[PDB]
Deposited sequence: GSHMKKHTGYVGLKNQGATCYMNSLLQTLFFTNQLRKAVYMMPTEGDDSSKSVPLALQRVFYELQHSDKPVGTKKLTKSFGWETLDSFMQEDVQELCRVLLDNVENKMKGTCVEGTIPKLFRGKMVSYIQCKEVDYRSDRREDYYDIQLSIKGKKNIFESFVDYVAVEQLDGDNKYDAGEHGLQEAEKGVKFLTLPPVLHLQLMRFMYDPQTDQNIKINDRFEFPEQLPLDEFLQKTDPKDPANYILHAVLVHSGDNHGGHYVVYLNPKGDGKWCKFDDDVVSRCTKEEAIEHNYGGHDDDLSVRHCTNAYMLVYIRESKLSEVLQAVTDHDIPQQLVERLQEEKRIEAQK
């Protein structure tokens, strides 16, 4: 259309999956690596890599909304499964782990950690004895507290704030037994593609209720994170550019997902709502997804996952992808499938 991109068909309740697929498809560097996976020996409908290759190929070439039934088939799903509502970040964690494993031992091994993996450090200092310890761990996304925070910045401040370990949560200080302690986290590295999960939910133990948090929470088009690093790089500042806003409407138990993206990283935004792709404004993608109160005329619509890209990496991650990047063995297998289907 006036948009230049195609939507994905809903199978019944697959909006979460469609929203994720667009998000990953427009992670161009990831798309090209998926295209290179050695799937030639794979079974057409059992191979998750081949199904992703197919979805991406058709998103890149088709002029009508693209179907996903072969992808969900490759997941082992049947009709009922495509009617189950799901969490998009759960699917992200499961799908990327699966693709990363399938890339091991191949020419694109390590692509997914290269794009998404950072490292953080957790440090512990005992208060009554001289005993300290730290632990450095990888992450592929960040869980950000929302409740009582106005914006992403206050969430990161809280994320790195020092915390007391006392009471029923005393720290196991080895030969000193359980000890009152302080614990803090800092970031060592932030990845080229930064996935942020907004913790828009709480559990009430008094009524056994999962509850969604729709409070207002602001996130910026441009996100400087250098102050949350253990050490900054003057030649590579941790400045991040907003790429995607994965939006949930409804509650814990059901609702609807769309994704807003500016695929080129240039501030030209589109809304991807299953099969409908439509131009939109910056403010529709961003400020309108801050959450807050609804009117009396749907409801409870706000950002759940955010994707930022490191400014310094934007031209490598959003690098253009052409037909010279797709092995001809792959396009041939896809034509063959199309011709066998029309049988």
Subject >> Where the deposited sequence has no C-alpha coordinates (positions from 1, in order) >> reply: 1 to 5, 303 to 304, 351
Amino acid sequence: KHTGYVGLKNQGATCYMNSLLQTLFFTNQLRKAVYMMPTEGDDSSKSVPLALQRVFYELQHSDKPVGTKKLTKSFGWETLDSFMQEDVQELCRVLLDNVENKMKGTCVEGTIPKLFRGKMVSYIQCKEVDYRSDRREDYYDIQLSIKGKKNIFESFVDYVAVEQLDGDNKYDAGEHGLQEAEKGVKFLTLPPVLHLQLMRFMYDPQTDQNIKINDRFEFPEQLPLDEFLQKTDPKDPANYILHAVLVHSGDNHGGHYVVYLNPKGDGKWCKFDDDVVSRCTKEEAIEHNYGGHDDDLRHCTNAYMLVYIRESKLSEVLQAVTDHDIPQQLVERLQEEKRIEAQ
From here on, numbers count along this sequence of modelled residues.
Original post:
Going by the B-factors listed in the PDB entry, is the mean over the C-alpha atoms higher for 204 to 212 or for 180 to 188?
Top reply: 204 to 212
Original post:
For the stretches 13 to 21 and 323 to 331, which has the higher mean C-alpha B-factor as given in the deposited record?
Top reply: 323 to 331
Original post:
For the listed residues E86, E100, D138, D130, which one has the largest C-alpha B-factor as given in the deposited model?
Top reply: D130
Subject >> Selection by C-alpha B-factor (highest) of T68, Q53, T39, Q29 >> reply: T39
Original post:
Looking at the C-alpha B-factor of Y240, is it in the lowest, middle or highest third of its chain?
Top reply: middle
**OP:** Can you work out whether the C-alpha temperature factor of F156 puts it in the lowest, middle or highest third of the chain?
**Re:** lowest
Subject >> Chain third (lowest, middle, highest) by recorded CA B-factor, residue given as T232 >> reply: highest
**OP:** Consider only the C-alpha atoms of the modelled residues in this chain, order them by B-factor as the entry records it, and name the third containing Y257: lowest, middle or highest.
**Re:** lowest
Original post:
Looking at the C-alpha B-factor of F116, is it in the lowest, middle or highest third of its chain?
Top reply: lowest
